[PDB]
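>>> Structure for the following, please:
(one chain, ligands or ions: 2)
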Amino acid sequence: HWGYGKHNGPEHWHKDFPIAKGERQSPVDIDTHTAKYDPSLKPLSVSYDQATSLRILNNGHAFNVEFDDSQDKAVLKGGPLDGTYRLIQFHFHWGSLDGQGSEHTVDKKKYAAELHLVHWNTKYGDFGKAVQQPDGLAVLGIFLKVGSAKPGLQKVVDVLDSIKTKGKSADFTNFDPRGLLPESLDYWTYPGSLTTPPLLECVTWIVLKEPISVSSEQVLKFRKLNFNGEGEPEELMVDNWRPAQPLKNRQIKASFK
Ligand code: NI
Ligand code: NI
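Residues are numbered from 1 along each chain as shown. Ligands and ions are numbered 1, 2, ... in the order given. See the structure here:
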């Protein structure tokens, strides 16, 4: 009833999910000429040393690499955040062509893809309760450009053949998400939403300034995934991004001058 196809894409989502036209929707365009440095901000604290990855799942929209979130094993703190946010999953949004695929844009530039590391605020006890709160989630977004390979992505690439179609999963232990980060943790932040239905306005977005590079071969393997289930007509999993939404009464703050 929702997807990225010819008849159920982002422009239709409002019919089932009227908050699609809400006041704090994501993604947005990040205008680097109007975002303002905020000295109240602190450095990010990314603490992933004890991360426990479990599984990778093709959910028909993207794939999620899932983590054990039943203890403070992989947490995000600092920055704009108060309290402790636990990593639950990461996933990507990507294009059919190297010139589109990201959800956020920077001065209207689209990247080839965007990585989302999704975290929930431990004060709310579980993910499902967290998404009902304005400060329930923190999503660390990282742009991908095509250039050099990202070595730390390759284990994800090489399992994709085992999860080609919707509903397939595979064991995915011992993956280190630190290998997906750029060098700098400089960031932009703003209040927004989930970028898929139910589009809840529960996210503090933290979007890194520095992209990571992935190879053309790595991206091509993402583009072999399927939206469909096994035994259904093949629909390549590409262009699983929502376009920029109106900023409305929000300000984007920068952690850097
Ligand atoms: Ni549906
Ligand atoms: Ni996402």
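>>> Tell me, how many residues neighbour residue 42?
Neighbour count for residue 42, taken as other CB atoms under 10 Å: 13. Bear in mind the C-beta positions are built from the backbone N, C-alpha and C, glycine included.
>>> now do the one 4 residues further on
Residue 46 sits with 21 neighbouring residues when counted by other CB under 10 Å.
>>> Okay, and the beta partners of it?
residue 76 (DSSP bridges).
>>> how much space is there between it and residue 75?
8 Å (CB to CB, to the nearest Å).
>>> same thing with residue 94?
Counting by CB to CB, the gap from residue 94 to residue 75 is 27 Å.
>>> Neighbour count: those two, which is higher?
Neighbour comparison, residue 94 and residue 75: the larger count goes to residue 94, with 27 against 21 (by other CB under 10 Å).
>>> Let's verify the residue nearest the centre of the chain: helix, strand, or coil?
The centroid of the chain falls nearest to residue 116 when counting by CA atoms, centre = their mean (2.0 Å). Counting by DSSP: H, G, I helix; E, B strand; the rest coil, the backbone at residue 116 sits in strand.
>>> Correct me if wrong: it contacts residue 91.
Yes: applying CB atoms under 8 Å as the test, residue 116 and residue 91 come out as touching, 5.7 Å apart.
>>> So which residues of the stretch 151-257 of the chain form strands?
Using DSSP state E, counting those that start in this stretch, the strands found in the stretch 151-257 of the chain span residues 169-171, 187-192, 203-208, 212-214, 253-254.
>>> Not counting sequence-adjacent ones, nearest residue to the residue nearest to the centre of the chain?
Ranked by CB to CB, 6 or more residues apart in numbering and with sequence neighbours excluded, the top spatial neighbour of residue 116 is residue 139, at 5.2 Å.
>>> does the one you found sit in a helix or strand, and which one?
Following DSSP states H and E, one finds residue 139 within strand 137-146.
>>> Check which helices and strands that strand sits against.
Contacts defined by 3 or more CB pairs under 8 Å, 6 or more residues apart in numbering; DSSP states H and E place strand 137-146 against strand 85-94, strand 113-121, strand 203-208, strand 212-214, helix 216-222.
>>> and the fourth one, what does it pack onto?
The one in question is strand 212-214. If you count contacts as 3+ CB pairs under 8 Å, 6+ apart, strand 212-214 packs onto strand 137-146.
>>> Any buried residues in the strand it packs on, and which?
137, 138, 139, 140, 141, 142, 143, 144, 145, 146 (16 or more other CB atoms under 10 Å).
>>> rewinding a little: I'd like the strands of the stretch 151-257 of the chain laid out as TSV, including mean neighbour count and distance to residue 84.
Below are the strands of the stretch 151-257 of the chain laid out as TSV (neighbours: other CB atoms under 10 Å; distance: least, CB to CB, whole Å):
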stretch	mean neighbour count	distance to residue 84
strand 169-171	14	27
strand 187-192	22	17
strand 203-208	24	13
strand 212-214	21	25
strand 253-254	16	21
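>>> Can you say which of those strands is nearest to residue 40?
Residue 40 lies closest to strand 253-254 among the strands of the stretch 151-257 of the chain, at 8.4 Å (CB to CB).
>>> hmm, back to that, reformat the buried residues of strand 137-146 as CSV; add distance to residue 199.
Below are the buried residues of strand 137-146 laid out as CSV (distance: CB to CB, whole Å):
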residue, distance to residue 199
137, 13
138, 17
139, 13
140, 19
141, 16
142, 21
143, 22
144, 23
145, 27
146, 29
